[PDB]
Ligand SMILES: [Zn+2]
């Protein structure tokens, strides 16, 4: 009986030096991300809408133009909703599908349904268009390094559909895509041909980004079994800061603060956490002031903060993968 699913417990990062850190900082472009990945997502995209379809096409297109060998899968299913049966489509983007272990980054690409109000449309800029754009920018910025993966560990990105409740949150009205994907991966043998391990045993760590893009975010350390990874984000932020690689940033107002949070926050990670998957939940506490209002738009996004977080995340990913 192989003990490979236990490898994640001991996996250590391969830390980048100063020179490598300046390279990562210089290799990501907040303006390119803004125009090529984010703006096309700032549209009404609740499940089943024409916008949902457009969002999904945009995401698959931006991934397909890259050199790395991404394998795209659309996981489509039906679920009961307050409005009756509906169709949903998760987008899964994987490097090295038969690779036993994967570091997983995720966000939801749907936008909460709201009828038009005084000609205003809800586009959920921080929730979660920016997290989506950040994942695409990461795939783009690290493309050359990720191409080299073509430790049986690789990378996977998941864009969940239907994270939002159609009405207000309830156990049955919310997290449609993730409750579905979690159960699916929990009952899918992995790697192919395996006798007793599933795709969930292969998830080294689930890094879920939500509500990112507002000013002064503060991310607490939610789980003891991922606490050492939270610490790495703290170390990275601190070193990028000391090297002068972040913009309009101070240690007093650092994003990753030494402090926990006992309460449960409902999000796409829940269905995975309840099946034993380690989670690093990158959601700030408190939530952006514009949370679930028509003001969660482009105008209220803090550009340098997103840029800083892009650098932190890309470094975290390269260190995890030893790239
Ligand atoms: Zn939301």
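Values as computed for the structure displayed
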item	result
Sequence of 237, 44 once ranked by neighbouring C-beta atoms within 10 Å, starting from the fewest	44, 237
Using a Förster distance of 45 Å, the FRET efficiency for residue 223-residue 116 (Cβ separation, nearest 0.05)	0.70
Three-way shape call for the chain based on the alpha-carbon gyration tensor, with the a/c threshold at 1.5	rounded
Region 215-248-region 51-94 distance, computed between alpha-carbon centres (Å)	30
Value of [θ]222 nm, deg cm²/dmol, for the chain, DSSP H segments ≥ 4, -39500 (n - 2.57) each, nearest 500	-9000 deg cm²/dmol
Cα shape, region 1-87, gyration tensor, a/c 1.5 rule	oblate
Prolate/oblate/rounded call for region 47-88, Cα gyration tensor, a/c under 1.5 rounded	oblate
Exposure proxy ranking, count of Cβ atoms within 10 Å, fewest first, for 70, 4	4, 70
Region 99-241: Cα Rg divided by the 2.2 N^0.38 Å rule of thumb	1.21
Fewest-first ranking of 290, 71, using other Cβ atoms within 10 Å as the exposure measure	71, 290
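The numbers here are math on the coordinates, done by the rules we state, and not lab data. Heads up, the Cβs are rebuilt from the backbone with ideal geometry, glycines too, and the neighbour counts pull from every protein chain shown.
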